[PDB]
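Visitor: Please see the structure below; I have some questions.
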Amino acid sequence: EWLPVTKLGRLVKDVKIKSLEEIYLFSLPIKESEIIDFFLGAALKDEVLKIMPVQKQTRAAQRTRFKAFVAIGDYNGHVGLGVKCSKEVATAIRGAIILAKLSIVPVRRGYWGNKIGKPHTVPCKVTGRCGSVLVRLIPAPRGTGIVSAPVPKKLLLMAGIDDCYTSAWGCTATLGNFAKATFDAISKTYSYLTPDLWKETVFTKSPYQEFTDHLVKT
Amino acid sequence: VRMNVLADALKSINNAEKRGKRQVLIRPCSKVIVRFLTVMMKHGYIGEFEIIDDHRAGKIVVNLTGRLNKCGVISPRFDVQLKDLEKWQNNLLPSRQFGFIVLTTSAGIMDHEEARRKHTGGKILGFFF
Amino acid sequence: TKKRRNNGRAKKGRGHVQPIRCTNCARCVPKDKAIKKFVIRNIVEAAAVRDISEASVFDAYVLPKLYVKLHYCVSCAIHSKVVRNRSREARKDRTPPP
Amino acid sequence: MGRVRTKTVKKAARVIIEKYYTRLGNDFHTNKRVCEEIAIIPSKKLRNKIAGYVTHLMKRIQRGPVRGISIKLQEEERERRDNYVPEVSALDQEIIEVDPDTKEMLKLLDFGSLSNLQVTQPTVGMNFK
Amino acid sequence: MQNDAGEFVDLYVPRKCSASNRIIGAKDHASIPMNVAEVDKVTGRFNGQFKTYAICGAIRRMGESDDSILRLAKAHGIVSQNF
Amino acid sequence: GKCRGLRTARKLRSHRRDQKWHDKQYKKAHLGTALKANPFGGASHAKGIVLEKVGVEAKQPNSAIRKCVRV
Amino acid sequence: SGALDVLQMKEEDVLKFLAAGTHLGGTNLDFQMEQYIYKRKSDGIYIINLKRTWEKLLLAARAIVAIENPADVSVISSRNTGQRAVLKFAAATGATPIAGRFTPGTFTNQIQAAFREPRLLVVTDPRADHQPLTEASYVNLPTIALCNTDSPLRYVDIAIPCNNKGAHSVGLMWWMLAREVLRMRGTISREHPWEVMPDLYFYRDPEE
Amino acid sequence: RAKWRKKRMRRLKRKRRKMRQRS
RNA sequence: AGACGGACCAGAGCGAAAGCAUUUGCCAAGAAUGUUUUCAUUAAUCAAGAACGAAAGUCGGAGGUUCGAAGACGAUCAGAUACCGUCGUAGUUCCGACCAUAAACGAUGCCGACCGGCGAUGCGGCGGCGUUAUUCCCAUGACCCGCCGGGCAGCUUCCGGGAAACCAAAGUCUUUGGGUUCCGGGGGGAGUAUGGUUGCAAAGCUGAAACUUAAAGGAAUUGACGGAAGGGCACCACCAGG
Ligand SMILES: [Mg+2]
Ligand SMILES: [Mg+2]
Ligand SMILES: [Mg+2]
Ligand SMILES: [Mg+2]
Ligand SMILES: [Mg+2]
Ligand SMILES: [Mg+2]
Ligand SMILES: [Mg+2]
Ligand SMILES: [Mg+2]
Ligand SMILES: [Mg+2]
Ligand SMILES: [Mg+2]
Ligand SMILES: [Mg+2]
Ligand SMILES: [Mg+2]
Ligand SMILES: [Mg+2]
Numbered sequence: 059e060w061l062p063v064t065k066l067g068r069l070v071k072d073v074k075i076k077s078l079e080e081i082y083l084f085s086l087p088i089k090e091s092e093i094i095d096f097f098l099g100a101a102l103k104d105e106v107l108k109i110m111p112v113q114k115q116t117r118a119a120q121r122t123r124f125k126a127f128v129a130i131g132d133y134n135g136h137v138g139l140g141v142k143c144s145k146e147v148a149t150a151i152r153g154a155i156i157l158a159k160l161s162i163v164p165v166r167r168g169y170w171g172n173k174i175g176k177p178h179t180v181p182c183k184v185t186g187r188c189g190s191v192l193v194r195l196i197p198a199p200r201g202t203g204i205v206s207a208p209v210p211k212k213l214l215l216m217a218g219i220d221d222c223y224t225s226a227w228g229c230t231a232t233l234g235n236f237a238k239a240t241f242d243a244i245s246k247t248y249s250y251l252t253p254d255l256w257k258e259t260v261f262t263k264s265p266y267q268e269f270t271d272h273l274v275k276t
Numbered sequence: 002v003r004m005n006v007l008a009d010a011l012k013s014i015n016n017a018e019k020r021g022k023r024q025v026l027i028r029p030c031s032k033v034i035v036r037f038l039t040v041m042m043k044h045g046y047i048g049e050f051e052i053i054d055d056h057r058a059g060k061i062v063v064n065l066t067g068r069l070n071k072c073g074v075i076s077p078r079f080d081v082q083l084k085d086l087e088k089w090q091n092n093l094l095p096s097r098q099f100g101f102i103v104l105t106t107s108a109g110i111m112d113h114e115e116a117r118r119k120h121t122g123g124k125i126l127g128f129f130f
Numbered sequence: 002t003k004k005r006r007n008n009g010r011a012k013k014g015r016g017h018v019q020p021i022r023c024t025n026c027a028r029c030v031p032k033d034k035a036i037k038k039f040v041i042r043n044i045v046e047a048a049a050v051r052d053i054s055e056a057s058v059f060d061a062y063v064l065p066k067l068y069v070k071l072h073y074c075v076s077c078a079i080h081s082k083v084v085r086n087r088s089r090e091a092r093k094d095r096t097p098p099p
Numbered sequence: 001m002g003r004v005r006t007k008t009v010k011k012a013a014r015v016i017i018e019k020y021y022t023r024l025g026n027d028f029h030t031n032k033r034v035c036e037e038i039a040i041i042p043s044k045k046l047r048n049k050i051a052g053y054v055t056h057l058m059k060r061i062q063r064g065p066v067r068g069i070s071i072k073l074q075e076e077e078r079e080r081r082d083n084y085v086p087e088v089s090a091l092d093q094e095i096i097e098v099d100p101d102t103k104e105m106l107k108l109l110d111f112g113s114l115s116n117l118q119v120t121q122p123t124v125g126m127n128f129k
Numbered sequence: 001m002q003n004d005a006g007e008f009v010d011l012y013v014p015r016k017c018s019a020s021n022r023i024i025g026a027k028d029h030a031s032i033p034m035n036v037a038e039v040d041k042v043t044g045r046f047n048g049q050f051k052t053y054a055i056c057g058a059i060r061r062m063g064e065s066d067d068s069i070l071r072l073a074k075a076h077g078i079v080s081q082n083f
Numbered sequence: 002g003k004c005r006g007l008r009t010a011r012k013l014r015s016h017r018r019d020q021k022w023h024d025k026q027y028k029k030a031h032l033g034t035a036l037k038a039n040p041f042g043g044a045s046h047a048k049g050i051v052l053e054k055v056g057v058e059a060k061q062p063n064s065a066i067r068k069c070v071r072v
Numbered sequence: 002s003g004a005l006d007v008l009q010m011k012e013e014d015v016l017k018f019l020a021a022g023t024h025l026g027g028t029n030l031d032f033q034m035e036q037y038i039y040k041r042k043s044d045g046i047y048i049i050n051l052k053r054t055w056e057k058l059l060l061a062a063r064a065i066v067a068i069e070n071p072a073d074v075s076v077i078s079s080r081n082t083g084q085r086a087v088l089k090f091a092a093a094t095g096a097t098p099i100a101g102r103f104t105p106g107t108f109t110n111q112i113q114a115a116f117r118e119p120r121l122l123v124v125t126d127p128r129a130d131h132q133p134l135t136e137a138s139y140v141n142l143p144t145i146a147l148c149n150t151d152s153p154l155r156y157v158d159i160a161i162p163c164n165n166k167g168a169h170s171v172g173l174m175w176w177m178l179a180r181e182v183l184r185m186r187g188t189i190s191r192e193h194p195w196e197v198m199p200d201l202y203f204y205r206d207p208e209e
Numbered sequence: 002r003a004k005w006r007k008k009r010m011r012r013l014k015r016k017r018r019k020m021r022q023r024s
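Chains as they are written, first to last, in the entry's author numbering: chain CC, 59 to 276; chain WW, 2 to 130; chain aa, 2 to 99; chain RR, 1 to 129; chain VV, 1 to 83; chain XX, 2 to 72; chain AA, 2 to 209; chain n, 2 to 24.
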């Protein structure tokens with residue numbers, strides 16, 4: 059079981075907050091994976107991508123540590139990425155799963171041509187970068203499937219995207235950067251401003267502010 | 002030297018709006034810009050603009066409401082032939098929904114949709130979204 | 002790797018500069034490199050002062066000084082322990098000590 | 001050939017004072033005994049060294065506070081000198097010395113109150129570069 | 001976002017700023033909404049109605065949140081003409 | 002930068018021509034020097050006669066004899 | 002926000018600002034603090050307008066009154082001067098104070114000893130108390146300050162032009178601020194003068 | 002060093018011109 | 001008698017760059033500022049071609065203090081046809097013609113716009129309290145306080161970029177197009193061989209191929225090392241001594 063240290067944890071332990079959307083609407087940081095396991099539970103699958111044995115010299119002999127890459131998603135518009143290094147590969151894997159749950163995001167989806175059914179691809183083309191590799195995601199019709207290397211393919215399905223094209227630039231054979239770039243890409247979909255937007259905001263009540271009463275120890 | 006009057010202004014619109022400004026001033030104040038600005042405003046991407054007069058090139062001011070991402074120009078002014086629109090517009094635009102390539106033509110200055118509804122091609126100037 | 006931005010010499014907008022010669026080394030270096038130093042020392046150095054001024058002929062005899070301009074090489078300087086190496090962030094101070 | 005005390009010695013000396021400042025005094029051999037009576041140390045020699053630092057420390061507490069030692073009696077004497085108020089200080093002398101530039105701002109702020117203005121002087125300001 | 005049956009997708013709609021019409025993201029941890037109180041017009045004494053002003057990170061890092069709110073207030077029947 | 006006019010084609014087309022020879026593969030193929038110097042006349046296989054049998058030594062980290070023939 | 006209404010500079014507070022030198026800034030000027038200026042005199046000491054500095058002091062108060070639980074608010078003064086005022090300001094409205102040596106990580110690092118997640122932040126100086134202004138960027142917090150004419154203005158949302166050097170001016174400005182927040186919400190009438198003196202917030206050097 | 006690789010060559014290139022001028 | 005023009009000499013000025021320092025006189029050019037003068041698109045960049053171009057060097061005269069490639073000696077060294085010391089030729093100096101190279105570096109093409117602040121410095125113009133000026137009050141600098149232009153630079157920042165170091169430009173670049181010029185395409189062979197061209201010679205310009213090879217390289221990190229520097233330490237180190 060788990061005790062929340064802070065405000066936000068105390069509320070989700072109760073039934074005040076109902077979902078994750080509100081948390082994102084106010085851009086609130088989360089620092090407790092016990093929350094993610096509450097809302098998103100058992101619809102969430104994970105996999106490792108690589109185990110990379112870095113090492114360092116000292117006076118006696120090399121000291122090696124194992125680093126790890128993990129990706130997590132539910133196939134309905136969420137995706138996470140996590141990294142961590144330690145000495146035992148299990149403890150390495152365990153912690154990065156926690157960070158991966160933690161730095162989870164939403165991902166937007168839209169249509170290519172005509173708007174019949176549910177969205178299957180991205181609305182608009184976007185890009186990303188991290189240190190000598192650039193990535194570019196492009197919409198496609200309904201049925202092509204994803205065309206890419208295995209890495210982002212493993213990752214884009216976890217968002218729940220169905221169809222897309224793909225291109226790339228630079229040294230793709232460094233997986234760490236090649237992964238984070240496509241994650242930077244699908245992070246910045248809810249930051250592009252379309253004409254679908256441009257309606258004013260209807261500002262809500264900031265959950266900390268509305269449930270002040272229960273928090274002050276009653 | 003300033004071999005092109007339209008290239009510089011859109012840059013000086015883009016940079017400012019990329020920063021967070023509310024107004025800008027762009028100097029040489031030529032005819033072709035006025036059409037270009039009118040059609041942007043008409044679709045709603047900017048506010049009004051007041052065009053200062055002097056016994057010279059003139060001057061001009063715009064009000065942004067910066068819901069614009071990028072404004073662009075294509076030079077040299079190429080020649081379109083009404084079957085290549087698709088090949089131009091897929092590899093300049095972000096999607097098949099929005100964004101307009103503007104072109105001069107015998108009827109005037111218009112966007113690509115209106116050109117196809119009037120069934121005529123022309124010469125290309127720029128693009129915005 | 003530019004270890005410095007000045008490139009070690011305070012030229013900034015000439016084209017060419019005259020040289021000088023190290024006072025010890027005897028080598029030919031520019032005037033914007035070539036550490037400078039200025040001496041305002043006395044002549045008797047704090048030891049024979051009492052002896053002279055008591056064995057004088059005049060009345061307290063203000064006792065002149067000695068003035069010199071000095072030029073040093075970069076190499077000859079560090080060996081003379083005038084200046085010393087520094088760390089990365091502290092290289093960027095153009096202040097002398099008290 | 002050196003004698004420095006460690007963290008275990010110091011921290012306990014701090015805690016002992018911060019509880020039992022009344023039991024203790026300025027004599028070592030009494031301070032020795034009380035520490036034995038209240039606390040249960042495993043060793044005779046550790047017993048000794050703690051008290052020797054305690055007694056050195058009391059002489060400091062006599063005058064001048066200390067960083068990590070909060071004593072009641074000191075803290076109320078602080079508290080008195082915190083709540084201390086004078087009779088009057090902001091009513092200065094019924095004459096307020098004022099300059100002309102203020103008087104213009106005051107005049108624009110609609111005040112013809114009681115004030116003064118008797119200053120003119122050439123500019124000196126900054127210092128030698 | 002609507003389909004051809006007027007439905008609504010895009011599980012939420014992200015709050016925009018008020019000062020640049022830029023969007024706030026799920027990880028822009030330097031964004032704020034800000035409440036301010038309204039008075040009874042006779043004797044102070046906040047009565048229950050307050051407003052909201054939303055700011056993004058880029059403006060708050062540049063050092064321009066001060067006047068943005070000020071001119072937001074200077075329009076809303078709230079801080080008057082300083083002259 | 003780049004030329005980028007509307008009637009610049011002769012220059013660009015020219016520039017690509019003289020500047021393509023600085024590629025190793027194109028230069029090798031379109032000049033006859035490698036071709037006339039290849040023992041095979043632009044061919045895959047070839048018949049020939051044996052006249053010796055020798056053993057060639059290998060590089061440093063390995064050590065062996067690789068049993069070749071003069072033909 | 003000082004609108005045209007009953008609340009406005011009468012004749013008495015002005016005497017106090019002039020008495021303590023709450024209208025002389027320093028010499029150097031930031032380009033952000035150049036709209037709160039009236040003029041430069043002969044000597045390089047700029048005059049601050051006592052119309053905007055009162056019309057923003059109210060605005061800070063209206064922010065604070067929005068927040069019904071006062072203990073979520075936090076007040077900081079690392080410097081010796083604003084020490085006493087802050088402790089009385091905390092007492093006089095139920096805030097949570099932090100005086101001297103703000104330890105890093107107090108708003109991050111959930112498993113720290115003195116961890117606390119407030120909603121609003123008040124400051125005497127932005128150039129000395131520049132950690133929490135930063136740490137309010139890793140966490141959403143609106144930020145309020147007492148700023149002089151030369152003050153690098155960043156990560157902050159409500160600036161109140163004062164003279165943050167003089168002990169008289171500092172503790173004076175708090176006295177006003179504490180006064181309004183109680184007028185706006187409480188038993189203080191807004192007509193007849195409030196009991197305690199604004200000398201209680203001064204910083205007394207160890208002289209006697 | 003390259004200054005001396007450059008200089009060794011010229012000494013040689015003279016011997017070639019000198020040898021070749023005999024014919 | 002012949003060279004050289006100290007300190008003042010500055011992250012100061014001028015020039016297309018190379019580069020420019022005693023006084024005075026003469027000769028002809030030039031930038032910036034100021035302008036309610038004038039002509040009216042006359043312009044930007046540029047294959048071929050043309051001027052200038054540190055030091056060394058070559059050619060013919062005059063001159064030859066100082067320094068000093070070659071060269072000879074004395075020392076150190078296992079050896080030194082080097083580092084050190086003493087002598088000392090070409091040259092270093094001026095007049096007139098050749099050559100056309102350099103880490104000839106801001107290792108960063110030219111033109112034009114846009115993009116954040118701060119305090120200074122140099123030229124010109126505009127203003128203002130006051131002090132001196134001088135000889136009775138003015139126009140000269142000097143400061144004091146600001147402004148404006150176009151300059152050599154500087155400090156600071158989540159502007160933004162970038163492999164990073166770092167940079168108000170190396171920015172406005174997968175949201176890719178302002179105008180135009182020259183040039184690069186794994187490492188060596190090789191700026192070699194040959195052909196043509198200039199030059200008195202030295203050399204310069206243009207410029208290969210067979211063959212060989214799986215790595216050469218850039219920025220930053222952790223150790224180790226150092227006849228590199230700053231603090232300490234030990235009789236399995238030293239001093240003084242048994
Ligand atoms: Mg040079
Ligand atoms: Mg190839
Ligand atoms: Mg040429
Ligand atoms: Mg020469
Ligand atoms: Mg010569
Ligand atoms: Mg001669
Ligand atoms: Mg000699
Ligand atoms: Mg060259
Ligand atoms: Mg070069
Ligand atoms: Mg680069
Ligand atoms: Mg390009
Ligand atoms: Mg090659
Ligand atoms: Mg190299």
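All C-beta atoms in this analysis are idealised placements derived from N, C-alpha and C, irrespective of residue type, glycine included.
Compare the C-beta of VV/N3 against all C-beta atoms of chain CC and say whether one is closer than 8 Å.
Guide: yes
Visitor: Is WW/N70 close to chain CC, meaning its C-beta is less than 8 Å from at least one C-beta of that chain?
Guide: With 8 Å as the cut-off, WW/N70 counts as an interface residue toward chain CC.
Visitor: For RR/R14 and AA/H131, I'd like the C-alpha separation in whole angstroms.
Guide: Each residue's alpha carbon lies about 33 Å from the other.
Visitor: Could you name the residues of the same chain whose beta carbon sits closer than 6 Å to that of CC/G218, not counting the 5 residues immediately before and after it, in chain order?
Guide: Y133, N134, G135
Visitor: As an exercise, report each continuous alpha helix (DSSP H) stretch of at least 4 residues that is fully enclosed by the region 7-56 of chain RR, in chain order.
Guide: Note on the region 7-56 of chain RR: whole alpha helix (DSSP H) runs with a minimum of 4 residues are 7-19, 28-38, in chain order.
Visitor: Between CC/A158 and CC/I130, is the Cβ-Cβ spacing less than 8 Å?
Guide: Yes, they are a contact pair.
Visitor: Ignore the nearest five residues each way along the sequence and tell me which others in AA/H24's own chain have a CB closer than 7 Å to its CB.
Guide: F18, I48, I49, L51
Visitor: Spell out whether any CB of chain VV is found under 8 Å from the CB atom of AA/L147.
Guide: Under the Cβ criterion of 8 Å, AA/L147 is not counted among the residues facing chain VV.
Visitor: May I have the straight-line CA-CA distance separating RR/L91 from AA/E13, to the nearest angstrom?
Guide: 11 Å
Visitor: Excluding sequence positions up to five away, which residues of its chain have a Cβ less than 8 Å from the Cβ of CC/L192?
Guide: Excluding sequence neighbours, CC/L192 sits near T185, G186, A226, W227, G228, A239.
Visitor: With C-beta atoms as the reference, is VV/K16 less than 8 Å away from VV/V36?
Guide: Between VV/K16 and VV/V36, the C-beta gap is not smaller than 8 Å, which leaves the two residues out of contact.
Visitor: Let me see if you follow: with CB-CB separation under 8 Å, is VV/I59 close to chain WW or not?
Guide: yes
Visitor: Just how far apart, CA to CA, sit WW/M41 and WW/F50?
Guide: 11 Å
Visitor: Run down chain AA in chain order and give the residues with a C-beta less than 7 Å from the C-beta of VV/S18.
Guide: For VV/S18, there are no C-beta contacts with chain AA under 7 Å, since the nearest C-beta of that chain is about 13 Å from it.
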